[PDB]
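The chain below stands alone and is given in C-alpha cells; this is the form deposited in one PDB entry.
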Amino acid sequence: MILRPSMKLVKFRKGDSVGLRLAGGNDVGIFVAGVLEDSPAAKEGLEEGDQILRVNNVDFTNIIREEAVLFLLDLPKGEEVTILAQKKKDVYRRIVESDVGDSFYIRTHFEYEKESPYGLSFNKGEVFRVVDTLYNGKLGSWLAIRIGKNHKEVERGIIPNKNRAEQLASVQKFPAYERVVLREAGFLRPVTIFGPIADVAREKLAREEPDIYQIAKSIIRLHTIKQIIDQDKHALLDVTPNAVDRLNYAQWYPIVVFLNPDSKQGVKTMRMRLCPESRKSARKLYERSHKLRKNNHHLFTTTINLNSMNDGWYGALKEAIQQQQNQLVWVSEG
C-alpha cells in the first residue's frame, strides 16, 4: 500500500450534472467511482477513489449512498459546490474488490408481496440487513439479507426502498422500515408468565429467590415496575397480551414465558400437587391457555412444555428467564 495525502478542499460549478458516479455507503463511507470526462469536477481535485466527507458543510460521513446521490441531485444547476475530500485508496480497493457499501438493519412493520423472483416477501416483524441502496444504478429498490434463525444471514434478496415501502404501507405506530440494532437489556427485564400454573410460578420464584424476584404490585402501572427494575430485581407480572404488546411498543421488552399444559387432566394433577387451596377450575385454566396460544403466540419469546408428572418446569423456567436475560434483542435507533 501507501500513505494518505493531504485533505483536499474543492470548488467547481455544477453543469447539468456534477459528473460524479459514486461507490460506498454508511459504514465504509461515500466514495467517488468516477468523474465525468471533461467535467468542471475533474478540473479540481476529484479523481476516482477519493472519499467525499463534506458538501456545503453537510455530513457525508453518516449518510447512505442513496441519500448521497440525491443530495448530489438536489443541488441547483450552475451553482457552486464545496466538497471536502480525501483520497483513501486503501478503503476504495476494498470497495471495488468486495462491493460492500451500505450496512444497517431495518425491522419491518407491514406485509409485502414479491413481484419478481429475486424479491423477498415478508410479514411484519422480519429484520433485514440493507446492503445496497441504489440496486445496480436505480432508485426505488434496495438489496437486503434476510435475518431469521439466531440472527444469521439467511437469504439475499431485493426489497422496496424506505419511501416506496411507506406507500405500500399506507394503502394498508411503526414506520414501514424501522432502523434497529442488537442490544441486551441494560436492566433486568420484566417477566410475563402464561399457562395454568402461571400464578404458582410468580408465587414460587418471588418467594424462593426473593433476591432476584419481585411481583409488581397491580392494572399495569409501570412506575410499580420501574421502581422494581431500579432494584436489580425481575419484575414478575400477571398481565395480559395487549399489556405486553404495549411494553414491546416502548422497547421495554419483557421476557414472555409460556407454560404449555400437556393435557386437560394434566393441569389438575399438577395444580393439586402445588396448590390444593386454589379454587380455580383446571378446565377453565386449560381452556384459557389455548385461546391465548391459538390467538397470538407472537407474545411468548420462549415456551416450556410442562410435564405434568413433575415440576421440572420450575427449573427450565429459571434457566430460560436467566438465559433470555442474556439475549440480544432488536431495539430502535431511527
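Throughout, we count residues from 1 along the sequence that is shown.
Just so you know, the form deposited with a partner chain bound exists too; it's not on screen, but the next bit is about it.
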*Pick the stretch from 257-265, 83-91, 126-134, 192-200 whose residues have a heavy atom within 4.5 Å of its partner chain in the deposited complex.*
126-134
*asked:* On the criterion of a non-hydrogen atom at 4.5 angstroms or closer, are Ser17, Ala23 and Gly101 all touching its partner chain in the deposited complex?
replied: yes
*Looking at the partner-bound form in the deposited complex, is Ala185 within 4.5 Å of its partner chain by any heavy atom?*
no
*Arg65 within 4.5 Å of its partner chain in the deposited complex, heavy atoms*: yes
*Classify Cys275 as contacting or not contacting its partner chain in the deposited complex by the rule of any non-hydrogen atom within 4.5 angstroms, answering yes or no.*
no
*Verify the contact flag for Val181: yes if a non-hydrogen atom of it lies within 4.5 Å of a non-hydrogen atom of its partner chain in the deposited complex, no if not.*
no
_Option touching its partner chain, based on a heavy atom within 4.5 Å in the deposited complex, out of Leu72, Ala169, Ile212, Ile229_ = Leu72
*Could you tell me which one of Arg221, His151, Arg246, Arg156 places a heavy atom within 4.5 Å of its partner chain in the deposited complex?*
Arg156
